[PDB]
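As a starting point, one isolated chain is supplied in structure tokens, in the form deposited in one PDB entry.
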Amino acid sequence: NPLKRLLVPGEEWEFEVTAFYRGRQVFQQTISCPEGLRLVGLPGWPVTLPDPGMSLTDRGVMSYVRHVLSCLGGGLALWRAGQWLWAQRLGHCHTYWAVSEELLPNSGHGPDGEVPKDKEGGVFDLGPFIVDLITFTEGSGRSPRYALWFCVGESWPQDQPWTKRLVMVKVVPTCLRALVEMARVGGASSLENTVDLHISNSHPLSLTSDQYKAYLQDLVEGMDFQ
């Protein structure tokens, strides 16, 4: 089962990082690293968010962002261990996360949680994501979400960053976006389509809907479920 490769330790996943200031995109990078990444302003590939002065004109908003970049310190660490994606806030910025669509909706609801500092925290589980992907290939479910959204606030917990969302960073494990695209562009015909897993030393593979689905089924056995 070629998909089982996603889980083997050492297989580095590719992550697309996109940051937004005032809901406006100001940076994007696609990193691949064994110790994961670190959003900055210790292990992990450092991803440096840009100074607002290079894209904003509002004095008030720029100041806020300069404060966020100032509390990041060690930064927001995100890495993979097994079937889980883990996050840990090493700096002083209160940072919250949520798993959502490619675009985070304004939706009067709070974040899935706050990223812990003293110990790592589970932010994404491949298991339930893959079962959903299966029920989606059958046409009895909705496409599973895979976009990680991190809202970064100041050190002083009075700004309620999740409300204005002035500093947002979207992290997308490219293998997952590719797996959903394969599912959709798979029920279109009955032949072969090529899917790029976007992991280290992997050759893109062409499978038919049937083969792909069979592998997704066996893939579930390679993960833990409570």
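Each form is matched to the other, and the largest set of C-alpha atoms that superpose within 1.5 Å is called the rigid core. Residues that one form lacks are left out of the comparison. Each residue number is its position in the shown sequence, starting from 1.
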Count up the deposited residues without coordinates from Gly41 to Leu42 and drop the result into none, 1 to 3, 4 to 9, or 10 or more. 4 to 9
Which has the higher mean CA temperature factor in the PDB entry, 140 to 148 or 109 to 117? 140 to 148
Output the stretch having the higher mean C-alpha B factor in the entry; the candidates are 13 to 21 and 209 to 217. 209 to 217
According to the Cα B-factor stored in this entry, which of the following is highest: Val26, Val185, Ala178, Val169? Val185
Given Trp156, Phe129, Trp84, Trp97, identify the residue with the highest C-alpha B factor in the PDB entry. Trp156
Looking at the temperature factor on the CA atom of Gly36, which third of the chain's modelled residues does it land in? lowest
Within-chain third of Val47 by Cα B-factor, per the entry: lowest
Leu104: which third of its chain by C-alpha temperature factor? middle
Taking the values exactly as deposited, rank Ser63 by C-alpha B-factor within its chain and report the matching third: lowest, middle or highest. highest
By the entry's values, the third containing the CA B factor of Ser70 is the middle
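Keep in mind that the form solved in complex with a partner chain is not shown, yet the notes after this line are about it.
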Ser63: heavy atom within 4.5 Å of its partner chain in the deposited complex? yes
Indicate whether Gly75 is a 4.5 Å heavy atom neighbour of its partner chain in the deposited complex. no
Residue-level question: is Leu37 within 4.5 Å of its partner chain in the deposited complex, judged on heavy atoms? no
Is there a heavy atom of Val47 lying 4.5 Å or less from a heavy atom of its partner chain in the deposited complex? no
Of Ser63, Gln29, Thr163, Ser32, Cα shift of 2 Å or more between the shown form and the other one on rigid-core superposition seen only for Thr163
Taking the rigid core as reference, does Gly110 move its C-alpha 2 Å or further between the shown form and the other one? yes
Taking the rigid core as the reference frame, tell me whether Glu154 has a CA displacement of 2 angstroms or more between the shown form and the other one. yes
Which is it in the deposited complex for the CA atoms of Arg24 and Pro157, closer or farther than here, knowing they shift by 3 Å or more? closer
Which is it in the deposited complex for the CA atoms of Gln158 and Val171, closer or farther than here, knowing they shift by 3 Å or more? closer
Using the rigid core for the fit, write out the stretches of 3 or more consecutive residues with CA shifts of 2 Å or more between the shown form and the other one, ordered by sequence. 105 to 110, 154 to 164
